[PDB]
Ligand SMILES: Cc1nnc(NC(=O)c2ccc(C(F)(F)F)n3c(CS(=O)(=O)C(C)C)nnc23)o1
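Listed next as structure tokens is one chain, alone, in the form solved without ligand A1L59.
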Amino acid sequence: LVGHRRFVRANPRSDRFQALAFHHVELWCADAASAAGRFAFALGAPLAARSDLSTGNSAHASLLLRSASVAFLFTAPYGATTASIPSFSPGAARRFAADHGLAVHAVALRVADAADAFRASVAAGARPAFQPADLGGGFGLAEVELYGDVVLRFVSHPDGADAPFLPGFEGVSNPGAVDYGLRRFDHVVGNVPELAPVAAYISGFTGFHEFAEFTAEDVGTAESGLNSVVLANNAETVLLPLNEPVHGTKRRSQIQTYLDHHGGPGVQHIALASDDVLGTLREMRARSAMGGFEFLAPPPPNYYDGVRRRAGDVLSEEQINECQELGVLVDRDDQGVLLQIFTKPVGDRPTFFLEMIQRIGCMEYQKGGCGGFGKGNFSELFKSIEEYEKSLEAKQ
């Protein structure tokens, strides 16, 4: 690493396969009904598809939530040839729940062809997880190891909006379901003990290029830190941050806390983009009291005087005041404005959480990664988590 300021952005467009978009993210669950049901109301992502006993699948229970291009898959084992996801392992899924509580199993990329992505990845050092399979109807599926037991899943299928999530999934449209304006996955972040081997491995087999980086001096506190690199596809629409702890500090790094509590590497957080995040957050906050998500404590009021100074030329007073009311973090550069906020942990352990983001700018379609990653927001997020961890420590 050289640090955020010294990193010269480039884009060689070195992808080894066509990484078109995030397709979905799959959580392996103790109970898919419980997780999907909670997430549906908490995020405004209505049930869109199911594959389970009611669809003839006795191998696994899968529920798909959608908010526009946000697609969350919740899969749990029952107590085989009927599986709609042939990579599914009941034993592994059962162990996963015990090992982590709620957490991400698979990060799915839509690719031109699953077999080609798999072949190109494995020829450039990817560890195979699931050999390519024809799912029928022109669908391809393959998986390789991403970090720890999280897999990178390749999905290919013909263009067409009649297309099922996957063959064997049955559509759902609930009378009176609503969304809260979530549009797409923005980024998916992994925590690992050692960054350099994982970054080399993933960039190696994907051809994904460095989009950004952050050292402890960029985003850490007096007491703790991390190092981060973000890998990106050619269009910089698929963004995969990677964090490692830094050791020898006054406190333990929140990334090491994660590894300790999670029981190994995994997805720390998933960022969900909205075209009006302030509106989205108003809806999500209304559901907080009745089992929805909560948000990390906002910065003090003086922060929001800074937001005026730094971003008052792009954001209206109405938006800035709403940012303050909702506890949103604001960062800007010459291309974009970043609005970001983090939930409290979404399961039992202080591990996995979610992020709501809006990128303002770079209108052309919007250019991928508009506004990049904000050093200012990053350092506030990090401080936020550190403070959260201290509160937990204060009650021992």
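What we label the rigid core is the largest C-alpha set whose atoms superpose within 1.5 Å from one form to the other. In case it trips you up, residue 1 is the first one in the sequence shown, and so on.
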{"item": "Length class of the unmodelled deposited segment, which would lie between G176 and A177", "value": "none"}
{"item": "Interval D334-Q335, deposited residues with no coordinates in the entry (none, 1 to 3, 4 to 9, 10 or more)", "value": "none"}
{"item": "Greater mean Cα temperature factor according to the PDB record, 147-155 or 127-135", "value": "127-135"}
{"item": "Of 31-39 and 51-59, the one with larger mean CA B-factor", "value": "51-59"}
{"item": "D116, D99, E325, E210, ranked by C-alpha B-factor: the highest one", "value": "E325"}
{"item": "Selection from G306, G204, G140, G264 [criterion: highest C-alpha temperature factor in the record]", "value": "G306"}
{"item": "Chain third (lowest, middle, highest) by recorded CA B-factor, residue given as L381", "value": "highest"}
{"item": "CA B-factor ranking of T343, expressed as a third of its chain", "value": "lowest"}
{"item": "Third of the chain, ranked by Cα B-factor, where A68 sits", "value": "middle"}
{"item": "Position of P46 among the chain's modelled residues by C-alpha B-factor, lowest, middle or highest third", "value": "middle"}
{"item": "Within-chain third of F185 by Cα B-factor, per the entry", "value": "lowest"}
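What comes next is about the form deposited with ligand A1L59 bound, which does not appear here.
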item: Open vs blocked, site of ligand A1L59 as found in the deposited complex, superimposed, 2.4 Å to backbone or C-beta; value: blocked
item: 4.5 angstroms heavy atom contact with ligand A1L59 in the deposited complex for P241; value: yes
item: Close approach of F293 to ligand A1L59 in the deposited complex, 4.5 Å, heavy atom; value: no
item: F214, heavy atom within 4.5 angstroms of ligand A1L59 in the deposited complex; value: yes
item: Ligand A1L59 contact at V189 in the deposited complex, heavy atom, 4.5 Å; value: yes
item: Options 169-177, 70-78, 214-222, 306-314; stretch whose heavy atom lies within 4.5 Å of ligand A1L59 in the deposited complex; value: 214-222
item: Contact residue in the deposited complex, chosen from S274, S156, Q254, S84 - any heavy atom within 4.5 Å of ligand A1L59; value: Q254
item: Candidate site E236, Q335 and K367: all three near ligand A1L59 in the deposited complex by heavy atom within 4.5 Å; value: no
item: Contact set, 342-361 vs ligand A1L59 in the deposited complex - heavy atom within 4.5 angstroms; value: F342, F353, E355
item: Which one of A112, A163, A200, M290, by Cα shift of 2 Å or more between the shown form and the other one, core superposed; value: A163
item: Core superposition between the shown form and the other one, C-alpha change of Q18 at least 2 Å; value: no
item: Did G376 shift 2 Å or more between the shown form and the other one, C-alpha, core superposed; value: no
item: Direction of C-alpha distance change in the deposited complex, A163 to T55 (at least 3 Å); value: closer
item: Comparison of CA distance in the deposited complex with shown form for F139, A161, at least 3 Å; value: closer
